[PDB]
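S.K.: Can you keep this structure in mind? I'll have questions shortly.
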Amino acid sequence: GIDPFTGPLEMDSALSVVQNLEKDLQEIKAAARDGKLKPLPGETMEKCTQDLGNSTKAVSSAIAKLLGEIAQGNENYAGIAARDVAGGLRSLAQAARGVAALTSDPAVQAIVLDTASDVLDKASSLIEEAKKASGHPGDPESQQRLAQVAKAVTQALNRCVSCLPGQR
């Protein structure tokens with residue numbers, strides 16, 4: 001017993017963060033549906049959508065760090081990058097939910113949150129796969145699937161910024 005696998009536990013911890021992120025927006029989904037949200041127009045939609053785009057590019061850079069090399073047993077960057085994605089996903093979700101709160105149209109509100117939720121959804125399995133890959137001294141299949149799910153996160157991000165209300 002007594003396993004010293006306490007090195008790359010950052011990924012599992014990051015998974016928890018993302019799983020808290022989905023449940024964060026879970027409350028927000030119901031809230032937006034009800035008509036709660038945070039409709040404070042202090043942050044203008046231009047800024048929220050701008051931040052959303054930056055958040056997108058941020059975590060897109062973060063996933064590239066996860067898809068870089070392989071974590072064999074213990075690795076620090078693997079954990080740091082797992083923290084970096086989590087931060088980007090928070091920023092993503094926070095900007096998206098702001099957009100929904102600023103708009104009064106009961107359609108785009110759900111769409112902006114849904115896409116953000118789809119991001120973290122795929123990002124979850126991104127971390128899940130990475131968790132498994134960290135226990136593999138260079139696994140072929142794990143990295144193949146990891147790359148696929150990484151891009152799925154990117155697609156969701158790109159879809160979120162696309163579904164933003166800009167119909168003028």
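Each chain of the structure tokens is named A, B, ... in the order shown, its residues numbered from 1; ligands are numbered from 1 in display order.
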For range 39-41 of chain A, work out the shell of residues within 12 Å, counting only C-alpha atoms and skipping chain neighbours fewer than 5 positions away, then give it as a tab-separated table (two decimals) with C-alpha atoms, in the first residue's frame.
M.R.:
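That gives us selection_38.tsv:
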```tsv
chain	number	residue	atom	x	y	z
A	31	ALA	CA	-32.33	30.60	-12.92
A	32	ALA	CA	-32.26	31.91	-16.50
A	46	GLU	CA	-19.49	43.95	-26.12
A	47	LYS	CA	-17.14	43.33	-23.19
A	48	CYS	CA	-18.70	40.00	-22.21
A	97	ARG	CA	-23.76	33.59	-18.45
A	98	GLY	CA	-23.19	37.34	-18.50
A	99	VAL	CA	-24.22	37.49	-22.15
A	100	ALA	CA	-27.41	35.59	-21.32
A	101	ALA	CA	-28.16	37.95	-18.45
A	102	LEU	CA	-27.75	41.04	-20.62
A	103	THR	CA	-30.05	39.84	-23.40
A	104	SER	CA	-33.80	39.63	-22.80
A	109	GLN	CA	-30.06	32.98	-23.32
```
S.K.: Determine the nearest neighbour of residue 57 in chain A from the options A:129, A:24, A:84, A:121, counting only C-alpha atoms.
M.R.: A:84
S.K.: Can you tell me which residues surround range 150-156 of chain A at a distance of at most 7 Å, considering only C-alpha atoms, apart from same-chain residues fewer than 6 positions away, and format the answer as a compact mmCIF listing (two decimals) with N, CA and C atoms, in the first residue's frame?
M.R.:
```txt
# COMPACT_ATOMS: atom_id res chain seq x y z
N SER A 60 -8.04 27.33 -25.14
CA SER A 60 -7.58 26.66 -26.35
C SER A 60 -6.05 26.51 -26.33
N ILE A 63 -5.37 23.69 -23.52
CA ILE A 63 -5.52 22.31 -23.96
C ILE A 63 -4.31 21.86 -24.78
N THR A 115 -23.99 26.11 -25.02
CA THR A 115 -22.71 25.96 -25.69
C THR A 115 -21.56 25.96 -24.68
N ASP A 118 -21.58 22.73 -23.07
CA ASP A 118 -21.05 21.73 -23.99
C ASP A 118 -19.52 21.77 -23.98
N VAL A 119 -18.97 22.97 -23.81
CA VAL A 119 -17.53 23.14 -23.69
C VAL A 119 -17.00 22.34 -22.51
N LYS A 122 -17.30 18.43 -22.76
CA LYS A 122 -16.23 17.79 -23.50
C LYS A 122 -14.90 17.96 -22.76
N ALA A 123 -14.74 19.11 -22.11
CA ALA A 123 -13.54 19.40 -21.34
C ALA A 123 -13.41 18.45 -20.15
N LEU A 126 -11.97 15.44 -21.52
CA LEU A 126 -10.61 15.85 -21.84
C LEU A 126 -9.70 15.59 -20.64
```
S.K.: Calculated over only C-alpha atoms, which of the candidates A:1, A:51, A:35, A:120 has the smallest distance to residue 21 in chain A?
M.R.: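 For residue 21 in chain A, the nearest of the given residues is A:120.
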S.K.: Could you tell me, as number ranges by chain, which residues of range 6-134 of chain A DSSP assigns to alpha helix (DSSP H) when given the backbone?
M.R.: A: 10-34, 45-66, 76-102, 108-133
S.K.: Can those selected residues be exported to a file as an mmCIF file, in the first residue's frame so that it contains C-alpha atoms?
M.R.:
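Printed below is out.cif as written:
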```
data_model
loop_
_atom_site.group_PDB
_atom_site.id
_atom_site.type_symbol
_atom_site.label_atom_id
_atom_site.label_comp_id
_atom_site.auth_asym_id
_atom_site.auth_seq_id
_atom_site.Cartn_x
_atom_site.Cartn_y
_atom_site.Cartn_z
ATOM 1 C CA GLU A 10 -3.870 18.247 -10.178
ATOM 2 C CA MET A 11 -5.825 16.707 -13.051
ATOM 3 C CA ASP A 12 -8.271 14.952 -10.734
ATOM 4 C CA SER A 13 -8.603 18.155 -8.735
ATOM 5 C CA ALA A 14 -9.188 20.091 -11.961
ATOM 6 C CA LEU A 15 -11.851 17.564 -12.944
ATOM 7 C CA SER A 16 -13.631 18.433 -9.708
ATOM 8 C CA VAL A 17 -13.494 22.109 -10.687
ATOM 9 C CA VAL A 18 -15.063 21.406 -14.085
ATOM 10 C CA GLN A 19 -17.694 19.182 -12.466
ATOM 11 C CA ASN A 20 -18.440 22.095 -10.151
ATOM 12 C CA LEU A 21 -18.629 24.340 -13.224
ATOM 13 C CA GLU A 22 -21.364 22.262 -14.859
ATOM 14 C CA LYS A 23 -23.323 22.303 -11.600
ATOM 15 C CA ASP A 24 -22.689 26.042 -11.328
ATOM 16 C CA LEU A 25 -24.348 26.606 -14.682
ATOM 17 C CA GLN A 26 -26.972 24.001 -13.745
ATOM 18 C CA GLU A 27 -28.287 26.447 -11.168
ATOM 19 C CA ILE A 28 -27.968 29.209 -13.744
ATOM 20 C CA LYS A 29 -29.912 27.261 -16.386
ATOM 21 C CA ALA A 30 -32.886 27.005 -14.041
ATOM 22 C CA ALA A 31 -32.332 30.595 -12.923
ATOM 23 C CA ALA A 32 -32.258 31.913 -16.496
ATOM 24 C CA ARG A 33 -35.315 29.821 -17.328
ATOM 25 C CA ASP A 34 -37.103 31.327 -14.325
ATOM 26 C CA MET A 45 -22.393 42.748 -23.979
ATOM 27 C CA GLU A 46 -19.487 43.955 -26.121
ATOM 28 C CA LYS A 47 -17.141 43.326 -23.192
ATOM 29 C CA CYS A 48 -18.696 40.002 -22.211
ATOM 30 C CA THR A 49 -18.508 38.719 -25.787
ATOM 31 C CA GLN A 50 -14.964 40.074 -26.072
ATOM 32 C CA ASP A 51 -13.953 38.364 -22.839
ATOM 33 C CA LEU A 52 -15.681 35.209 -24.064
ATOM 34 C CA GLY A 53 -13.528 35.217 -27.181
ATOM 35 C CA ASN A 54 -10.394 35.713 -25.103
ATOM 36 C CA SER A 55 -11.495 32.999 -22.673
ATOM 37 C CA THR A 56 -11.949 30.760 -25.705
ATOM 38 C CA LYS A 57 -8.430 31.405 -27.006
ATOM 39 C CA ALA A 58 -7.031 31.133 -23.474
ATOM 40 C CA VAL A 59 -8.272 27.616 -22.721
ATOM 41 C CA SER A 60 -7.575 26.661 -26.354
ATOM 42 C CA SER A 61 -3.945 27.430 -25.545
ATOM 43 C CA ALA A 62 -4.306 25.508 -22.288
ATOM 44 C CA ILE A 63 -5.519 22.306 -23.961
ATOM 45 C CA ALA A 64 -2.504 22.513 -26.280
ATOM 46 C CA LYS A 65 -0.358 22.215 -23.159
ATOM 47 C CA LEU A 66 -2.200 19.034 -22.148
ATOM 48 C CA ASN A 76 4.072 18.973 -13.239
ATOM 49 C CA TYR A 77 3.109 20.651 -16.526
ATOM 50 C CA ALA A 78 0.375 18.069 -16.949
ATOM 51 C CA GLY A 79 -1.091 19.259 -13.664
ATOM 52 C CA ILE A 80 -0.447 22.942 -14.324
ATOM 53 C CA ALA A 81 -2.136 22.711 -17.724
ATOM 54 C CA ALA A 82 -5.052 20.936 -16.054
ATOM 55 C CA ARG A 83 -5.333 23.942 -13.755
ATOM 56 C CA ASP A 84 -5.000 26.284 -16.728
ATOM 57 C CA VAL A 85 -7.927 24.739 -18.632
ATOM 58 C CA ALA A 86 -10.122 24.910 -15.526
ATOM 59 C CA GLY A 87 -9.439 28.624 -15.198
ATOM 60 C CA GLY A 88 -10.217 29.226 -18.855
ATOM 61 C CA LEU A 89 -13.448 27.270 -18.586
ATOM 62 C CA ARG A 90 -14.530 29.352 -15.588
ATOM 63 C CA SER A 91 -13.846 32.547 -17.498
ATOM 64 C CA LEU A 92 -15.719 31.065 -20.461
ATOM 65 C CA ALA A 93 -18.796 30.136 -18.419
ATOM 66 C CA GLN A 94 -18.797 33.434 -16.511
ATOM 67 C CA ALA A 95 -18.665 35.464 -19.722
ATOM 68 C CA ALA A 96 -21.341 33.328 -21.373
ATOM 69 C CA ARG A 97 -23.764 33.594 -18.449
ATOM 70 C CA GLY A 98 -23.193 37.339 -18.499
ATOM 71 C CA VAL A 99 -24.222 37.489 -22.150
ATOM 72 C CA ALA A 100 -27.414 35.587 -21.322
ATOM 73 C CA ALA A 101 -28.161 37.953 -18.448
ATOM 74 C CA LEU A 102 -27.749 41.039 -20.621
ATOM 75 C CA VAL A 108 -30.265 33.030 -27.132
ATOM 76 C CA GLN A 109 -30.064 32.978 -23.324
ATOM 77 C CA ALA A 110 -30.276 29.190 -23.298
ATOM 78 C CA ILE A 111 -28.119 28.839 -26.406
ATOM 79 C CA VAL A 112 -25.155 30.797 -24.990
ATOM 80 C CA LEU A 113 -25.234 28.782 -21.774
ATOM 81 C CA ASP A 114 -25.790 25.472 -23.533
ATOM 82 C CA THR A 115 -22.709 25.957 -25.693
ATOM 83 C CA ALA A 116 -20.650 26.919 -22.634
ATOM 84 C CA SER A 117 -21.967 23.793 -20.926
ATOM 85 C CA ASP A 118 -21.048 21.731 -23.988
ATOM 86 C CA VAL A 119 -17.531 23.142 -23.687
ATOM 87 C CA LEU A 120 -17.046 21.980 -20.102
ATOM 88 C CA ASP A 121 -18.871 18.737 -20.948
ATOM 89 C CA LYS A 122 -16.225 17.787 -23.496
ATOM 90 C CA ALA A 123 -13.535 19.397 -21.340
ATOM 91 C CA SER A 124 -14.537 16.988 -18.577
ATOM 92 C CA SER A 125 -13.669 13.935 -20.674
ATOM 93 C CA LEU A 126 -10.608 15.845 -21.843
ATOM 94 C CA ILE A 127 -9.434 15.799 -18.237
ATOM 95 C CA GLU A 128 -10.810 12.289 -17.655
ATOM 96 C CA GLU A 129 -8.760 10.959 -20.568
ATOM 97 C CA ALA A 130 -5.733 12.966 -19.401
ATOM 98 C CA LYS A 131 -6.106 11.436 -15.926
ATOM 99 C CA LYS A 132 -5.860 7.983 -17.473
ATOM 100 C CA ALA A 133 -3.054 9.019 -19.811
#
```
S.K.: Could you check which of A:42, A:4, A:68, A:73 is closest to residue 143 in chain A, using only C-alpha atoms?
M.R.: A:68
S.K.: CA of residue 105 in chain A and CA of residue 162 in chain A, how far apart in Å?
M.R.: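 CA of residue 105 in chain A lies 16.4 Å from CA of residue 162 in chain A.
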S.K.: What does the distance from CA of residue 6 in chain A to CA of residue 74 in chain A come to in Å, to one decimal?
M.R.: 8.5 Å
S.K.: Select, from A:43, A:37, A:7, A:70, the residue with the minimum atom-to-atom distance to residue 138 in chain A, counting only C-alpha atoms.
M.R.: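 The answer is A:70, which sits nearest to residue 138 in chain A.
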S.K.: Within 6 Å of residue 72 in chain A, counting only C-alpha atoms, which residues qualify if same-chain residues fewer than 2 places away don't, as a list in words?
M.R.: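 My list of contacting residues is residues 74, 134, 136 and 137 of chain A.
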S.K.: Store the residues picked out above, limited to N, CA and C atoms, as an mmCIF file, in the first residue's frame.
M.R.:
```
data_model
loop_
_atom_site.group_PDB
_atom_site.id
_atom_site.type_symbol
_atom_site.label_atom_id
_atom_site.label_comp_id
_atom_site.auth_asym_id
_atom_site.auth_seq_id
_atom_site.Cartn_x
_atom_site.Cartn_y
_atom_site.Cartn_z
ATOM 1 N N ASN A 74 4.345 10.724 -13.211
ATOM 2 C CA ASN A 74 4.348 12.000 -12.510
ATOM 3 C C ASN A 74 4.875 13.095 -13.423
ATOM 4 N N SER A 134 -2.095 9.981 -17.794
ATOM 5 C CA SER A 134 -1.045 10.273 -16.822
ATOM 6 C C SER A 134 -0.556 8.989 -16.150
ATOM 7 N N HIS A 136 -0.193 6.288 -17.886
ATOM 8 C CA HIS A 136 0.348 5.523 -19.000
ATOM 9 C C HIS A 136 1.638 6.163 -19.496
ATOM 10 N N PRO A 137 2.763 5.437 -19.411
ATOM 11 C CA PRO A 137 4.077 5.904 -19.890
ATOM 12 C C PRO A 137 4.137 6.003 -21.413
#
```
S.K.: Just the number, please: distance in Å from CA of residue 67 in chain A to CA of residue 139 in chain A, one decimal.
M.R.: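 Going from CA of residue 67 in chain A over to CA of residue 139 in chain A, I get 12.4 Å.
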S.K.: Which of these, A:148, A:38, A:69, A:75, has the shortest distance to residue 5 in chain A once you count only C-alpha atoms?
M.R.: A:75
